[PDB]
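To start, the structure itself, in structure tokens.
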Amino acid sequence: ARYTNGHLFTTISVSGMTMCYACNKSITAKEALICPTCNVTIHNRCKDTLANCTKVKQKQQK
Amino acid sequence: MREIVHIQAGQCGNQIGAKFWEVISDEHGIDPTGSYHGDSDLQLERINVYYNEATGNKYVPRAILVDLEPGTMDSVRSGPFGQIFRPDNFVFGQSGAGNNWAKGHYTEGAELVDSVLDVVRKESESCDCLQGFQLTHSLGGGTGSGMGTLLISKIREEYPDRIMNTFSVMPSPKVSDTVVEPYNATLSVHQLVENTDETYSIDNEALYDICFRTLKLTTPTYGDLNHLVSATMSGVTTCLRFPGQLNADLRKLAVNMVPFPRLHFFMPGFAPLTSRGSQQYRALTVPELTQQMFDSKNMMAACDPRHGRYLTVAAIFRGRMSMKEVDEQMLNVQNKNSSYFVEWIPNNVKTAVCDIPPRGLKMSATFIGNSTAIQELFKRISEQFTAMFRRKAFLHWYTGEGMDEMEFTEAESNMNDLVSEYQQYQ
Amino acid sequence: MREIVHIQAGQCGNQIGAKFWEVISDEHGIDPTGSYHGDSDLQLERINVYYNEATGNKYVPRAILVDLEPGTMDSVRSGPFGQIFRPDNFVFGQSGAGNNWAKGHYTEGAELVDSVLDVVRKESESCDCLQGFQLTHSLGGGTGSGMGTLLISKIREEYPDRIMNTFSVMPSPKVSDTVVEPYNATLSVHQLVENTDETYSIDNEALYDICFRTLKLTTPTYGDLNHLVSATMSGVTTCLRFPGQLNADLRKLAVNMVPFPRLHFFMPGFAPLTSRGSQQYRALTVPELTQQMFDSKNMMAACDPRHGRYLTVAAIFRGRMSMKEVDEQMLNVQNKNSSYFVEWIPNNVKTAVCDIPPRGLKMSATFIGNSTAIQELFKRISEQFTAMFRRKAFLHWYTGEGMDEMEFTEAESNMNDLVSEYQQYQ
Amino acid sequence: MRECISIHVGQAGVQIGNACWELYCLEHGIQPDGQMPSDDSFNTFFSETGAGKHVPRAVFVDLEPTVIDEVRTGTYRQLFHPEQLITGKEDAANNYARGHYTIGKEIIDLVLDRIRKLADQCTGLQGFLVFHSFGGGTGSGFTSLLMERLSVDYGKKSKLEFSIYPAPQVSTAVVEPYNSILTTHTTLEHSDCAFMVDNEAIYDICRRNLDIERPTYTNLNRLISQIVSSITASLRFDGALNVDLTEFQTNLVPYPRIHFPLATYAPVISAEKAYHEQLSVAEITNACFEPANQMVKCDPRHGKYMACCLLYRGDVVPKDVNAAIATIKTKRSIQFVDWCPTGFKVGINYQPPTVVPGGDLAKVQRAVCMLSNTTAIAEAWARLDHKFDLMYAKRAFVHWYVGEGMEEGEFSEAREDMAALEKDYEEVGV
Amino acid sequence: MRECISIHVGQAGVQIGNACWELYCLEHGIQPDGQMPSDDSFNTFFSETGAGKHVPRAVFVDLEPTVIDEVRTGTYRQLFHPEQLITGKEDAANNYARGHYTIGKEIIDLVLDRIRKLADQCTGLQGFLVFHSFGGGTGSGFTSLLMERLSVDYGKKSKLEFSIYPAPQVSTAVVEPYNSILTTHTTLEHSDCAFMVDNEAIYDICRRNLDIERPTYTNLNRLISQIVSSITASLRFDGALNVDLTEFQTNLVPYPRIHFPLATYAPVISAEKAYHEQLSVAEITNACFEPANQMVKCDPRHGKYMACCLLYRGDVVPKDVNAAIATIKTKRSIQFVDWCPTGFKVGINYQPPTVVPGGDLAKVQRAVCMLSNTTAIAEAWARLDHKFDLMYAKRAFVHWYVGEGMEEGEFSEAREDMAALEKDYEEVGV
Ligand SMILES: CC(=O)O[C@H]1C(=O)[C@@]2(C)[C@H]([C@H](OC(=O)c3ccccc3)[C@]3(O)C[C@H](OC(=O)[C@H](O)[C@@H](NC(=O)c4ccccc4)c4ccccc4)C(C)=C1C3(C)C)[C@]1(OC(C)=O)CO[C@@H]1C[C@@H]2O
Ligand SMILES: CC(=O)O[C@H]1C(=O)[C@@]2(C)[C@H]([C@H](OC(=O)c3ccccc3)[C@]3(O)C[C@H](OC(=O)[C@H](O)[C@@H](NC(=O)c4ccccc4)c4ccccc4)C(C)=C1C3(C)C)[C@]1(OC(C)=O)CO[C@@H]1C[C@@H]2O
Ligand SMILES: Nc1nc2c(ncn2[C@@H]2O[C@H](COP(=O)(O)OP(=O)(O)OP(=O)(O)O)[C@@H](O)[C@H]2O)c(=O)[nH]1
Ligand SMILES: Nc1nc2c(ncn2[C@@H]2O[C@H](COP(=O)(O)OP(=O)(O)OP(=O)(O)O)[C@@H](O)[C@H]2O)c(=O)[nH]1
Ligand SMILES: Nc1nc2c(ncn2[C@@H]2O[C@H](COP(=O)(O)OP(=O)(O)O)[C@@H](O)[C@H]2O)c(=O)[nH]1
Ligand SMILES: Nc1nc2c(ncn2[C@@H]2O[C@H](COP(=O)(O)OP(=O)(O)O)[C@@H](O)[C@H]2O)c(=O)[nH]1
Ligand SMILES: [Mg+2]
Ligand SMILES: [Mg+2]
Ligand SMILES: [Zn+2]
Ligand SMILES: [Zn+2]
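Protein chains in written order, with the entry's author numbering: chain C, 34 to 95; chain G, 1 to 44, 47 to 360, 369 to 436; chain F, 1 to 44, 47 to 360, 369 to 436; chain A, 1 to 38, 46 to 437; chain B, 1 to 38, 46 to 437.
Printed below as a string of structure tokens:
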């Protein structure tokens with residue numbers, strides 16, 4: 034299906050104060066991606082810039 | 001005197017037959033009620051060809067309406083001309099064919115077929131001198147593609163000597179309105195190549211092509227396509243319903259145009275066809291009718307005749323014209339297009355002329379052509395079938411009705427045999 | 001007999017053709033609705051030269067109307083005489099030439115050339131004995147300069163023996179309405195010199211000069227220029243539409259007027275021309291018509307003939323006039339003006355006399379001159395071309411469509427060759 | 001003639017039916033209390056009594072009384088036959104084992120009795136329209152229990168289903184994966200064509216197109232009712248290409264087990280937006296193939312279309328359907344499998360879509376309902392089984408199931424079966 | 001047939017469009033609500056919907072909601088399609104990086120969808136009419152983002168672009184040179200005809216001819232709208248010499264990159280002045296060529312004319328036109344390049360100019376719009392890059408750009424690229 038860096042990205046309805054996982058900026062639109070394993074959210078414009086799933090999820094476990 | 005039995009099968013066949021009854025009742029001056037109201041005696047002279055006389059000077063068509071759903075029967079009976087048929091002739095079940103060839107041929111309408119032949123027998127026995135049968139159906143779907151062919155087989159078994167003349171709307175790739183059309187077509191033409199003596203192959207793509215590029219209709223419905231098909235249907239039987247300079251029975255057409263037994267798949271056409279906005283500018287004389295009649299755009303099948311050569315061709319003119327003129331044009335077309343005709347037949351053109359043109371027209375010309383290019387229609391369907399049958403897709407629905415894959419293989423084998431035969435002489 | 005197939009291409013060609021049809025329909029007494037309403041039988047005697055007969059005694063022009071924008075076709079169709087044309091020959095695209103010759107010849111017009119040639123085939127087949135083709139176009143812009151030459155090449159290939167006779171409005175320096183006119187003219191004349199047998203040069207500058215100094219129009223529009231061009235357009239074909247003392251077919255014109263194969267570019271003219279306030283003062287007699295006809299101002303090309311000499315002259319008189327008088331005048335003109343005629347042709351003047359003058371006139375005289383002075387028109391455009399091609403200005407638009415600078419070089423080579431041929435005899 | 005039996009199970013199914021029969025009554029001009037002021048167009052869904060009363064051909068069942076107590080008291084109290092509104096005593100409590108083995112056991116014999124009585128009034132019965140939810144306790148257990156009997160008593164009759172399927176992120180229960188995983192055996196063995204539907208997809212559709220920021224469940228029901236009405240329009244009305252209910256399955260289903268098509272409807276549009284565009288046949292046809300308009304949260308671009316049925320209704324000319332399908336075919340984004348060169352079934356009906364007077368959906372002269380058997384829906388299952396695997400690894404909530412008469416192994420046997428189904432949709436994708 | 005898509009970006013572009021669509025609606029007689037009380048003259052700019060409503064073929068985009076919110080509340084609320092009026096969340100803040108890389112990247116996929124749906128309606132599309140400002144953040148970044156996408160999606164179609172350009176003295180922002188120098192890549196590589204205009208020249212025009220001492224931006228927009236209406240007049244109306252949109256470029260553009268003509272209009276005059284003077288063809292033709300009437304503050308005498316397009320509209324005859332250009336050649340002030348001895352493209356249209364009722368422009372029987380590719384515009388670049396060089400020497404404002412995903416080196420590559428363009432405009436001048 035989709036493994037650009039190595040995980041799923043499915044649409045989520047985004048609200049309130051949020052931040053990209055790569056830009057570390059704020060998302061303005063009401064759309065966002067989300068990996069159910071990595072538990073992140075991105076602009077829809079930084080999908081290829083992230084690391085692979087293994088990197089991000091092993092990072093998330095600090 | 002050369003009486004014809006009329007049958008319908010499936011939704012397409014029923015609709016086109018209804019429009020055919022429209023056209024020919026208009027020609028004969030028959031009221032919607034069945035009362036005669038025409039102008040000339042020549043309308044009444048051969049009225050027996052299509053209609054049985056009934057008391058009160060009523061006329062009832064010799065039509066057998068067969069369909070496995072009640073919906074289309076209710077549609078025709080509530081139509082502009084539904085009251086004209088005989089109530090006894092509506093033979094129909096309840097459960098639809100489900101676009102399944104096996105359902106029609108073996109399981110569901112195999113019950114209804116016994117009722118159908120008994121009515122057809124009554125109509126045939128009521129006639130003085132039966133000439134042939136004329137059937138309308140469609141090769142897609144399951145109602146037409148199975149029931150029409152089973153009925154063809156039974157009537158052929160009972161009436162081996164009478165002519166059989168079926169009109170067949172059959173699929174095209176870009177105008178496909180059903181997923182399983184290749185299976186149904188390959189199963190139905192496997193019989194049509196055997197039993198029928200003539201088969202008038204029709205195609206929605208060519209009908210829409212004429213509706214757009216020639217008629218310039220903005221929104222053509224199926225009604226206009228049925229009108230176009232019924233035009234040729236009325237044209238071909240013209241020689242045995244009116245006087246003429248050259249009379250040609252359906253048997254005469256078959257004798258001239260069918261060289262070998264199995265190359266009997268026909269390509270029809272019509273002239274004149276004009277857009278309304280341009281009819282005032284055209285001249286309807288013999289030369290331009292002849293030009294338009296042989297145009298590649300004017301034929302009712304998607305196959306371009308320029309990809310093949312004609313075995314034989316028939317021109318049924320109607321109107322008042324010079325015989326010398328018609329002969330000269332039919333020589334000129336065959337001479338200047340000599341590359342597009344088989345040269346092992348010295349003369350490919352057959353001409354007939356009747357004196358009664360269609369109403370509102372001063373002249374008309376119905377075209378029929380037996381061309382090798384028709385193989386492109388028959389190749390393509392097989393090429394579609396090979397896409398599905400190689401992985402047995404959708405086969406459980408057919409095998410649930412007792413059908414076997416060996417019959418599918420044999421049907422495709424007969425397909426490749428027929429297309430090879432058409433290719434051999436090209 | 002002697003039918004002419006006429007074609008329109010580009011905005012200017014379409015406009016001049018539209019006026020030309022109105023003028024001749026006035027001559028033949030054809031109503032805007034296409035119904036005949038004329039007085040004399042001589043109008044109907048040779049109606050077939052330009053018009054096909056249609057049912058109800060209507061007459062449709064044998065015109066092929068071609069363009070790459072629908073705007074001109076919308077303008078013509080809603081024009082004074084738009085309804086007369088047959089809708090089928092309105093062949094047109096959607097994206098225009100963009101004043102690009104390569105767009106006309108290779109990319110956009112190459113797709114429509116098949117469509118126009120098909121209709122030209124129908125019109126030519128309807129003819130009994132076709133004589134030649136009669137194309138109206140302009141050498142500026144992209145539609146005319148490209149598509150007219152492409153179609154000329156095609157028709158020349160399919161009809162090598164029939165006359166190709168074109169009328170060309172072509173650039174001038176002080177009345178230029180497009181930056182890229184030199185390129186387009188250089189590319190177009192490279193085809194016209196090879197294919198056409200008669201090309202009638204026309205200049206907007208000279209037409210404005212006629213309007214101002216001779217007609218004394220205060221505000222001459224393009225309609226007046228089209229009127230002036232249409233006058234000679236009708237004049238040249240008069241001998242094959244009306245009887246006369248000396249009948250000169252366009253082939254007979256070509257034989258006398260083209261001493262050598264490529265020197266066929268002609269300068270037209272018309273007489274009488276007077277201001278509407280002074281026509282009461284003139285005497286129209288043949289000597290005065292002759293004097294105005296040979297005046298340098300009277301010719302519709304900017305080339306003043308006094309910087310050159312005449313190879314051949316053709317005077318197509320119309321009306322009832324004295325043959326001895328015409329011969330006397332045409333002898334005295336070439337004798338007293340001997341320095342401006344080539345002495346190696348013993349007689350430089352062809353004369354034809356039709357018995358029917360234009369409507370409203372008692373006598374008329376159409377003028378054709380094959381003169382070396384036309385080289386000035388052929389050498390000025392080249393000096394414009396050499397100005398731009400030396401720095402490759404605007405060539406990216408052309409080379410984007412697959413064109414090459416090599417074809418530009420060959421076109422300019424052929425142009426200087428033609429100028430050299432015209433100069434070699436002066 | 002051409003009748004259909006509409007069984008509604010679970011709260012979701014019952015409320016969807018409450019919307020659906022509301023839509024039908026407006027369609028055929030029947031009053032909410034069952035009379036008809038002034046064709047047999049209603050004969051498919053309504054049986055007619057001598058008093059001029061049209062009783063629906065429906066059976067409402069729920070093991071708790073609340074929702075059917077509402078319908079028995081609402082405006083449509085007089086529409087339904089009183090004894091086809093069947094209620095139990097104990098709520099299923101979101102447990103497949105209760106709905107199938109213990110509490111749904113008692114009420115099944117009455118439900119099949121009423122279905123038999125409805126069937127005996129039919130002359131030309133065609134199939135079943137079952138409405139239920141995958142997550143619900145009654146919506147899984149009772150539908151399995153009922154279908155196991157229906158497949159043996161009326162085996163030949165086709166069986167059409169309309170299911171609400173668990174979403175990626177939206178979820179209203181914790182054991183939804185178990186309940187769906189147990190409903191899979193029913194939907195595999197004793198079904199013929201079932202339509203998945205997702206709440207979040209319709210939520211996003213209503214947010215984007217209808218411009219409502221926060222809809223309730225009634226909005227979702229008023230679109231699912233529109234879809235089922237579009238399916239049955241060919242059966243209740245005349246048309247250019249009327250599609251039979253068995254023809255429908257013969258086109259949709261390539262293989263015996265591959266019968267889980269997506270469904271979508273167009274033009275889903277508000278009343279204010281509709282005035283500023285034309286809604287031609289080409290536009291609405293292109294609308295169905297966007298991911299923005301699918302009713303299941305899955306990208307069609309990640310799979311291959313296998314079979315698409317386009318049911319046009321209203322002022323649609325077949326020229327336009329032909330031109331639209333050709334335009335769809337030339338696109339390289341919409342990818343079909345190699346072994347189905349035909350692809351598209353087309354039906355055209357002359358009845359325009361009816362707008363519910365209190366509804367939001369605009370009035371339009373045309374509508375197209377697109378149903379697509381496609382491989383992308385496999386990713387929708389690859390989601391949900393992965394939700395199961397984490398829980399059953401711990402034997403998380405199993406004791407409630409096993410405690411109510413369920414065998415433990417049925418869990419594993421369920422998880423195996425979907426592993427065969429999810430395989431097959433990939434296996435045919437080559 | 002013969003359609004054009006009008007995209008308006010930035011505050012300046014949006015307000016110019018508000019003037020332009022006000023000028024078109026009155027010219028074709030369309031009411032502000034989109035109806036037409038009573046010939047396909049409007050077909051180029053308006054799409055016609057079956058209710059008898061004309062919707063303009065336009066896309067309004069601004070990354071801050073303010074200006075388009077005014078458009079959505081003003082008199083033209085009912086004219087535009089509500090969804091093609093696109094608004095973002097955050098203002099670009101006069102920053103090329105924010106418009107191009109950061110914020111506009113979210114809305115580009117929506118504006119392209121709008122443009123695609125507009126194009127799918129168009130049967131005979133020709134090109135694009137992009138209106139924007141060089142000084143603005145959106146008007147520089149978003150146009151750069153959008154033109155690159157259009158040049159790959161619709162590479163064959165023309166792209167006409169309309170611009171407000173920084174002036175010598177008048178200016179409203181500090182980093183206008185940065186935004187302009189960054190926009191220069193977009194204009195060079197993905198455009199075919201960009202029309203420069205500046206505020207100061209039109210201000211001086213209104214001071215001298217229109218006799219208004221202190222006008223607003225609306226007065227300038229009511230002249231820019233007149234210029235574009237004159238350009239499209241040959242397309243929307245019949246004429247003696249109709250100039251096609253591609254023919255226009257073929258006469259304007261001599262080299263691939265020299266595509267920045269000046270624009271000017273005549274007779275710009277007040278209602279009081281016109282009664283005292285005739286305004287024949289010759290005088291308006293002369294009126295185009297003085298330095299006073301240029302819309303960019305440069306002296307044409309300093310640069311050689313390369314190509315001129317005179318679009319006359321109204322009661323004009325070709326005789327007078329040819330007479331006037333004869334004199335314009337006869338001058339020693341209206342100089343030209345040696346390698347273009349034709350020079351003048353001429354178009355003539357029969358429709359007189361339309362006067363807006365509240366405008367301060369007089370009614371006149373004749374009008375002429377002169378659009379001139381000339382070398383003098385190079386001086387205008389020689390100005391603005393010198394404004395860049397002083398600031399970039401200190402890295403004066405750079406940290407804002409680099410903070411939003413912009414590479415530093417792209418500044419130098421921009422300054423490099425303009426050094427090639429100003430060279431080219433000089434290199435052809437010999
Ligand atoms: C003044 C005039 O020219 O009227 C014509 C006409 O305009 C044209 C365009 C007619 C017209 O046909 C159509 O518009 C048409 C549309 C869709 C499909 C088929 C036809 C006409 O309707 C058709 C009609 O034809 C007939 O009446 C024939 O007898 C035909 N029967 C019927 O059409 C018919 C209609 C209603 C009920 C029953 C029959 C027929 C054809 C074949 C064999 C036997 C009979 C005619 C003369 C005309 C009109 C009325 C405009 C054309 O039809 C025929 C069959 O001649 C279409 O091109 C031809 C050429 C004609 O010029
Ligand atoms: C009383 C009288 O002398 O009337 C003349 C006339 O005054 C003059 C000035 C006419 C007149 O022509 C013009 O004023 C004119 C203006 C602009 C462009 C061209 C012509 C006349 O309009 C032109 C018109 O000519 C014709 O009718 C010819 O047959 C001509 N056909 C048309 O002009 C025509 C107009 C509208 C529609 C259709 C045809 C023709 C020419 C060559 C070949 C075939 C036909 C005539 C009799 C006159 C008027 C009316 C004043 C002249 O025209 C011709 C061709 O004869 C212009 O100089 C000549 C000499 C005439 O004396
Ligand atoms: N679209 C829609 N979904 C509903 C509605 N009501 C319930 N659901 C869905 O149904 C799912 C839960 O199933 P249940 O409500 O438990 O169905 P049930 O058969 O009553 O289950 P039990 O109460 O345990 O018997 C959830 O995904 C709900 O979103 C409704 O009115 N509209
Ligand atoms: N003629 C005219 N010029 C305007 C108008 N509005 C703004 N401008 C000019 O446009 C230039 C500034 O551009 P901006 O207004 O910042 O464009 P922008 O895209 O909205 O800027 P951002 O908000 O940062 O995206 C200045 O030279 C202004 O003079 C107007 O209404 N008419
Ligand atoms: N010319 C014409 N073609 C039709 C008509 N109705 C259906 N068709 C076409 O013919 C084919 C016949 O299929 P169909 O009759 O529905 O299946 P069946 O009833 O089981 O035989 C359809 O797929 C359509 O493509 C009609 O009324 N006129
Ligand atoms: N006599 C006359 N000349 C015209 C007319 N229209 C245009 N012209 C001139 O002829 C030339 C033809 O150019 P044009 O046809 O517009 O370009 P094209 O459409 O690409 O062939 C113009 O440059 C004008 O100088 C007209 O109506 N009558
Ligand atoms: Mg419940
Ligand atoms: Mg702004
Ligand atoms: Zn980001
Ligand atoms: Zn991940």
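Cβ coordinates follow ideal geometry from the N, Cα and C atoms, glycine included.
For the 8 Å CB-CB criterion, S241/A and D367/A do not form a contact.
Pairwise C-beta distances place the segment 277-290 of chain A in contact with the segment 211-229 of chain A, as three or more of them are shorter than 8 Å. Here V115/G carries a helix assignment [DSSP, helix/strand/coil]. Straight through space, the alpha carbons of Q301/B and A270/B are spaced by roughly 7 Å. Residues of the segment 247-258 of chain A with a C-beta less than 9 Å from any C-beta of chain G: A247, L248, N249, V250, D251, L252, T253, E254, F255, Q256, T257 and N258, listed in chain order. The way I'd put it, the segment 3-14 of chain A doesn't touch the segment 217-232 of chain F; fewer than three beta-carbon pairs between them come closer than 8 Å. Taking a Cβ-Cβ cut-off of 8 Å, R369/G has no neighbours in chain A, whose nearest Cβ is about 28 Å from it. Taking a beta-carbon distance threshold of 8 Å, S232/G does not count as an interface residue toward chain A. Residue environment for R320/F: buried (at least 16 other C-beta atoms within 10 angstroms of its C-beta).
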